[PDB]
Amino acid sequence: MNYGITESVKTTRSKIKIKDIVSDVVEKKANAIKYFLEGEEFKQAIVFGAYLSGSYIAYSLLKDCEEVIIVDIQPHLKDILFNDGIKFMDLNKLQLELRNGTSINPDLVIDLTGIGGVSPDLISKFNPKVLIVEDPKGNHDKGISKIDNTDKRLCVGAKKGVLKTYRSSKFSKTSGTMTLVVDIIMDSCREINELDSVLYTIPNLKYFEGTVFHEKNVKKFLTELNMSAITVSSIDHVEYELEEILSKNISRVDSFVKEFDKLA
Amino acid sequence: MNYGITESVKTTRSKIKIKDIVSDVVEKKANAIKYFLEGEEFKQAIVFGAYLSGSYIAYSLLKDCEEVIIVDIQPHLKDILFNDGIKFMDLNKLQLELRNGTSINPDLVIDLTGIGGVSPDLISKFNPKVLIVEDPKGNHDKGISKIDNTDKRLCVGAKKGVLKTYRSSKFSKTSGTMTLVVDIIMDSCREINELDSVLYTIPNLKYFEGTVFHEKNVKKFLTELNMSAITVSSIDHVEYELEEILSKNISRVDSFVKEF
Amino acid sequence: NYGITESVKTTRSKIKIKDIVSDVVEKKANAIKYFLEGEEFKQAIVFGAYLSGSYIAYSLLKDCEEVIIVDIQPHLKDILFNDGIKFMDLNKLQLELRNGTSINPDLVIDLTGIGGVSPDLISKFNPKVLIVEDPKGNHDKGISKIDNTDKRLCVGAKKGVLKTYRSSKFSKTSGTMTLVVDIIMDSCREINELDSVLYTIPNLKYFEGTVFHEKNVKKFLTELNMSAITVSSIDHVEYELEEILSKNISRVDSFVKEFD
Amino acid sequence: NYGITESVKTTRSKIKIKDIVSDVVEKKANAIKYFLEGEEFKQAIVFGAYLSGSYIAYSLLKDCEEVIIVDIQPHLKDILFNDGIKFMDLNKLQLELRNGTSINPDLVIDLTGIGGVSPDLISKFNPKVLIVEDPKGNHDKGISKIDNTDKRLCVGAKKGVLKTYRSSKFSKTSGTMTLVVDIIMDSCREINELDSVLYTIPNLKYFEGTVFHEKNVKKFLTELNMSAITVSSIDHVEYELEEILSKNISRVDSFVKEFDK
Ligand SMILES: Nc1ncnc2c1ncn2[C@@H]1O[C@H](CSCC[C@H](N)C(=O)O)[C@@H](O)[C@H]1O
Ligand SMILES: Nc1ncnc2c1ncn2[C@@H]1O[C@H](CSCC[C@H](N)C(=O)O)[C@@H](O)[C@H]1O
Ligand SMILES: Nc1ncnc2c1ncn2[C@@H]1O[C@H](CSCC[C@H](N)C(=O)O)[C@@H](O)[C@H]1O
Ligand SMILES: Nc1ncnc2c1ncn2[C@@H]1O[C@H](CSCC[C@H](N)C(=O)O)[C@@H](O)[C@H]1O
Ligand SMILES: Cc1c(O)cc(O)nc1CC(=O)O
Ligand SMILES: Cc1c(O)cc(O)nc1CC(=O)O
Ligand SMILES: Cc1c(O)cc(O)nc1CC(=O)O
Ligand SMILES: Cc1c(O)cc(O)nc1CC(=O)O
């Protein structure tokens with residue numbers, strides 16, 4: 001900790017970093033999938049969508065899956081991959097290998113693309129034992145519900161599930177990792193600002209999605225996540241309360257896979 | 001605007017930049033002082049505190065003062081002045097010139113230092129026609145009220161005034177330019193996020209004060225203010241609502257000098 | 001018109017609590033109507049008379065030869081406003097199911113929600129259409145744990161889940177009472193920020209207590225006749241008051257999600 | 001204790017509206033006491049009986065030989081709970097000032113606020129201490145325009161402005177009623193976010209109407225006996241309910257700002 005303009009004001013940066021919030025949310029999504037799979041083993045798993053939770057989710061499936069393949073429409077996202085054991089395939093390469101080849105016949109398909117993502121037509125080409133589709137919808141919004149087609153994507157699999165992620169007692173427009181991280185920080189700032197002696201509270205946010213998809217720079221994106229989530233200007237010490245508010249907001253994240261019953 | 005991850009999601013950056021919010025706030029504070037002065041002319045004006053509103057306030061005072069001197073405890077803040085007509089003096093040079101010299105005898109003294117700023121003892125050494133002290137307090141906070149000594153600073157001047165700045169119907173901990181800018185952006189984000197089709201809203205904020213006082217880099221600080229105040233991810237267009245919400249939150253800023 | 005003195009105005013909203021209740025129950029009834037696609041039924045059974053059940057049963061009289069409301073509380077027969085709707089307490093329905101053939105509905109609607117109808121009772125029917133109201137609103141761990149909506153969708157050739165939310169706003173349940181309270185509370189927050197408003201009063205009380213503890217439907221209906229909000233202000237706010245309330249009422253979105 | 005069924009709990013707060021009112025009036029009375037520094041007075045005049053005036057006038061009985069409450073509404077004599085407090089309506093005070101020497105207070109306290117006593121009436125006194133309650137809370141252009149607190153501080157050797165705010169929270173005025181309503185409304189917002197809560201009811205009504213329109217102080221006092229909040233939830237929330245209310249009551253800060261010269 002340091003001082004601000006003069007020694008009468010303190011500047012406190014949270015120990016909790018943006019990457020720590022991202023890690024907690026992705027781990028909750030990976031654990032939801034793990035719980036839903038009930039320790040079942042698979043020959044080949046295909047995970048659509050590398051950013052932002054896909055990387056850690058694919059890595060978490062290596063223990064029970066002989067082969068894990070991440071599929072992404074953006075080839076540069078091979079850089080966001082967690083481990084060498086995860087195979088990366090461009091959408092162009094997958095489509096080609098499906099038409100002319102027998103190497104692709106997964107028993108576990110996980111769709112994490114969400115809004116404007118994979119089409120139900122591509123999903124229908126598979127015949128897995130388990131199909132998991134991530135529902136990008138958070139709390140109610142007409143515009144988001146209209147563009148969402150999660151139900152149409154659950155067209156294959158003996159066992160089907162929908163990965164849902166919300167914040168308990170708080171409003172979020174989507175279940176997206178980025179949306180949730182931003183909402184956790186924003187909600188923490190509003191409460192932090194009400195602590196006695198606080199002058200102002202800064203959420204250290206920027207359009208991180210732009211660094212990944214517009215600048216096509218995964219390395220820079222990961223560096224940007226290394227910043228303290230919040231910076232506070234105050235007369236008195238707030239370091240304790242600052243981590244407790246952030247932690248409380250991170251703990252509200254609840255992720256689970258809802259099983260979709262289809263008897264045939 | 002542009003698209004986000006796919007063409008199904010739009011990315012919109014506000015036309016309103018952080019510098020535009022800063023400019024609106026500083027102009028409101030400068031206008032409050034102008035309205036309070038009622039067109040009175042002065043031989044020498046001394047303004048304590050260059051950052052953040054002081055620079056524009058001193059510039060605006062050249063219309064009514066023969067000489068305008070910005071005084072700051074940080075010598076590198078001479079870089080935040082944008083007009084050569086504004087004279088700069090660090091606190092030590094001023095204190096020395098007061099003891100051994102007659103060149104300093106202002107008829108207009110403006111204290112914008114706020115929390116942990118200029119002591120009432122230094123203010124008591126002047127005998128101006130008008131004294132304006134900026135109250136750093138915003139809405140009620142016990143910790144901030146305890147450290148504040150604005151009333152003790154109003155110890156000289158034939159006419160005395162307290163520059164106050166608040167947000168109508170909204171809570172702000174201080175009247176500081178930076179505090180107001182941050183609160184305007186944060187409150188705008190809260191309302192923008194509730195617009196139909198919005199996925200998430202990003203306030204493009206950072207600890208700008210750090211760039212000025214810790215990195216001692218005014219140039220970099222000014223470059224950082226060129227960023228769009230808010231970035232929005234949405235399914236539908238939100239261009240108008242984005243600017244209208246930020247505009248509405250900037251309009252809530254009310255600055256005025258209360259005469260004592 | 002005035003408050004303590006003639007310098008302050010007292011404004012009571014033209015929108016009454018009953019008007020908010022009516023709008024919500026009509027949205028739920030319309031969601032069911034849209035989902036039914038004009039299909040006609042010989043016998044409809046609706047579980048849960050309070051609070052939307054009464055109007056929902058009334059709206060089924062056109063396309064249903066017989067509409068029966070079932071409630072665990074016999075005094076809730078008083079909340080029905082049309083003699084064409086038959087009433088049966090839960091014990092009477094259970095008796096008639098064991099010893100009788102008069103009950104064999106082609107349309108079953110469960111509106112009991114939390115701690116309501118058991119899936120075991122629902123499993124005794126074989127209708128053409130089954131509609132179960134999901135009491136869950138936005139995410140809450142405690143509410144999700146007690147909810148068993150999915151287990152209740154165990155019969156019917158066509159199955160649907162009635163869902164009700166507030167667009168861009170948080171609500172713990174889809175319950176009529178919850179939504180009405182939330183609409184009023186959110187309206188108060190925005191009304192209080194209007195210029196010149198001193199304070200805003202939501203005219204609320206534990207209405208559920210009048211119905212289930214005092215067992216007085218008549219008194220409950222009389223209590224809903226109150227203006228939703230009372231405002232104390234310096235200037236006129238009548239227009240803004242009705243606009244803020246209407247806007248919050250319009251966020252209610254009700255629909256039946258078909259379960260394939 | 002249960003709601004519609006035994007699966008849902010109904011909890012009424014132990015804290016009653018009267019308890020919130022009492023805490024706010026006591027904070028205002030204590031602010032005045034601190035400011036007076038134990039000074040004794042021959043005659044104190046307090047303008048405005050509702051809502052904090054009654055308890056403030058009561059707290060002045062110890063250090064003042066005579067305490068007179070002045071209210072434009074004669075029925076507000078019913079809100080006084082001690083016979084030691086003399087009551088005079090505005091008309092009687094105005095008559096006694098013109099034709100009489102019985103009124104010459106050394107302590108004048110104006111609690112009328114918005115549309116209250118005129119500076120012209122205040123200027124007719126020459127007390128040792130003058131305290132004017134500032135009705136303004138946080139910033140609002142409309143309230144600021146109608147407010148004339150500064151013009152009311154025209155007499156007294158020692159002058160003070162009674163200010164009351166909520167730390168870190170927005171309130172349009174310093175009025176007892178406004179603060180009570182805001183404490184309850186803010187508590188409801190936080191209570192509703194507790195896990196398992198279905199909905200939260202603030203037990204509010206236009207209490208001011210009972211006092212000034214129905215002219216019924218007795219009924220108004222009875223209406224304050226109600227629990228401040230009623231909660232519907234799946235799990236127990238009794239302790240959190242009380243903690244959030246107490247926390248919001250504790251944010252009230254009242255103090256008299258001394259006006260020099
Ligand atoms: N048709 C398609 N096939 C494969 N990947 C796709 C796709 N459309 C989009 N994607 C990828 O899927 C991701 C969409 S972003 C989804 C966010 C994610 N559910 C989370 O919560 O973190 C991006 O990596 C994008 O490049
Ligand atoms: N004793 C002193 N003399 C002169 N300048 C001082 C000072 N103490 C602090 N300052 C300066 O005054 C400023 C304090 S920041 C005040 C913020 C300003 N009122 C606003 O709203 O924009 C800084 O520029 C700091 O360097
Ligand atoms: N097992 C059961 N059988 C029939 N009715 C029941 C029941 N359990 C509860 N009820 C009734 O169903 C209602 C539950 S309250 C449900 C609120 C309603 N969905 C709304 O939004 O308005 C009450 O009328 C209650 O008495
Ligand atoms: N000119 C006047 N003289 C005396 N009393 C007046 C007055 N105008 C209004 N009043 C009274 O003063 C009170 C105004 S309400 C003020 C609220 C009070 N400050 C609080 O916080 O509780 C009412 O009792 C009203 O009848
Ligand atoms: C959830 C989601 C999505 O499915 C698609 C997209 O482009 N953005 C988001 C928001 C996010 O990534 O948080
Ligand atoms: C108002 C203020 C101040 O007087 C002193 C300081 O160090 N910080 C602030 C906050 C700000 O600049 O907004
Ligand atoms: C939704 C709901 C419910 O299913 C059961 C109960 O007891 N209360 C509510 C809340 C309400 O009526 O709004
Ligand atoms: C403060 C105040 C006032 O001075 C005059 C009035 O009519 N209403 C209020 C509001 C209140 O009593 O809370």
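Each chain gets a letter, A, B and so on, in the order the sequences are listed, and its residues count up from 1. For ligands, and for the atoms within them, numbers begin at 1 and follow the listed sequence.
In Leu199(B), the part holding a heavy atom less than 4.0 Å from any atom of ligand 5 is the side chain. At a 4.0 Å heavy-atom cut-off, ligand 5 touches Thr113(A) through the backbone alone. At a 4.0 Å heavy-atom cut-off, ligand 4 touches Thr112(D) through backbone and side chain alike. At a 4.0 Å heavy-atom cut-off, ligand 4 touches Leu76(D) through the side chain alone.
When each atom of ligand 5 is checked for a heavy atom of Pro136(A) under 4.0 Å away, the hits are 4 (O). Contact atoms of ligand 4 toward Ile4(C): 14 (C), 15 (S), 23 (C), 25 (C) (distance under 4.0 Å to a heavy atom of the residue). Each of the atoms 4 (O) of ligand 5 lies under 4.0 Å from some heavy atom of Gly114(A). Listed by number with element, the atoms of ligand 2 under 4.0 angstrom from any heavy atom of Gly176(B) are 21 (O). Those atoms of ligand 2 with a heavy atom of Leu91(B) less than 4.0 angstrom away are 1 (N), 2 (C), 3 (N). For ligand 2, the atoms lying closer than 4.0 Å to a non-hydrogen atom of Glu134(B) are 18 (C), 19 (N), 21 (O). Near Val70(D), meaning under 4.0 Å from one of its heavy atoms, ligand 4 places the atoms 4 (C), 5 (N). Near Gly176(A), the atoms of ligand 5 lying under 4.0 angstrom from a non-hydrogen atom of the residue are 1 (C), 11 (C), 13 (O).
Closest to atom 26 (O) of ligand 4, if we only count protein heavy atoms, is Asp71(D) OD1, 2.7 Å. In this structure, atom 12 (O) of ligand 4 lies nearest to the protein heavy atom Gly48(D) CA, 3.4 Å. Counting only heavy atoms of the protein, atom 12 (O) of ligand 5 lies nearest to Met178(A) CB, 4.1 Å. Of the protein's heavy atoms, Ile5(B) CD1, 4.0 Å lies nearest to atom 6 (C) of ligand 5. Scanning the protein heavy atoms around atom 15 (S) of ligand 4, the nearest turns out to be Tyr50(D) O, 3.7 Å. Protein heavy atom closest to atom 3 (C) of ligand 5, with residue, atom name and distance, is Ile115(A) N, 3.8 Å. For atom 10 (C) of ligand 5, the nearest protein heavy atom (residue, atom name, distance) is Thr179(A) OG1, 3.5 Å.
Some N or O of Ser53(B) is nearer than 3.5 Å to an N or O of ligand 2, by distance alone. Checked by distance only, ligand 2 and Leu52(B) come closer than 3.5 Å through their nitrogen or oxygen atoms. Considering both main-chain and side-chain atoms, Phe213(B) never comes within under 3.5 Å of ligand 2 through any nitrogen or oxygen pair. When only interatomic distances are considered, the shortest N/O to N/O separation between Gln74(B) and ligand 2 does not fall below 3.5 Å.
Considering each of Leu111(D), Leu179(D), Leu121(D), the one bringing a non-hydrogen atom nearest atom 19 (N) of ligand 4 is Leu111(D). Considering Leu93(D), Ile72(D), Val8(C), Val117(D) only, the shortest heavy-atom separation from atom 9 (C) of ligand 4 involves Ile72(D).
Residues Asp253(D) and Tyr165(D) fail the side-chain proximity criterion, which asks for heavy atoms closer than 4.5 Å.
At least one heavy atom of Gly117(B) sits under 4.0 Å from some atom of ligand 2. At least one heavy atom of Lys29(B) sits closer than 4.0 Å to an atom of ligand 2.
Summarising the geometry, atom OH belonging to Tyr56(B) is positioned 10.5 Å from atom CD1 belonging to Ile86(B); distances are rounded to the nearest 0.5 Å. Rounding to the nearest 0.5 Å gives a distance of 8.0 Å between CD1 of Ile115(B) and OG1 of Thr6(A).
The aromatic rings of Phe221(B) and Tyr51(B) sit tilted, their planes meeting at an angle between 30° and 60°. Between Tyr207(B) and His214(B), the ring planes lie tilted relative to each other; the angle falls in the 30° to 60° range.
For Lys137(A) and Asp141(A), the salt-bridge test fails: no basic side-chain N is under 4.0 Å from an acidic carboxylate O. We find that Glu134(B) and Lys29(B) are joined by a salt bridge, their nearest charged nitrogen and carboxylate oxygen being less than 4.0 Å apart.
The closest side-chain donor-acceptor pair between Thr164(D) and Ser174(D), if any, does not fall under 3.5 angstrom.
Side chain of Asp111(A) to main chain of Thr113(A): a donor-acceptor pair is present (N/O by atom type, distance under 3.5 Å, no hydrogens or angles). Not one N or O on the side chain of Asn216(D) forms a donor-acceptor pair closer than 3.5 Å with the backbone of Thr210(D). Checked by atom type and distance alone, the side chain of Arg152(D) never pairs as donor or acceptor with a backbone atom of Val132(D) at under 3.5 Å. At distances below 3.5 Å, at least one donor-acceptor pair connects side-chain atoms of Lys173(A) with backbone N or O atoms of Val198(B). At distances below 3.5 Å, not a single donor-acceptor pair connects side-chain atoms of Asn2(B) with backbone N or O atoms of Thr11(B). A donor-acceptor pair under 3.5 Å is absent between the side-chain atoms of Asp135(A) and the main chain of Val162(A), judged by distance alone.
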Set out, in order, the CA-CA distance, both residues' side-chain angles and the distance that settles side chain to side chain contact (heavy atoms under 4.5 Å, CB included) for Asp90(B) and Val71(B), then state yes or no. CA-CA 6 Å; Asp90(B) 55 87; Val71(B) 173; over 6 Å; no
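Residues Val108(D) and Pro105(D) approach most closely at CG2-CG, 3.6 Å, considering heavy atoms.
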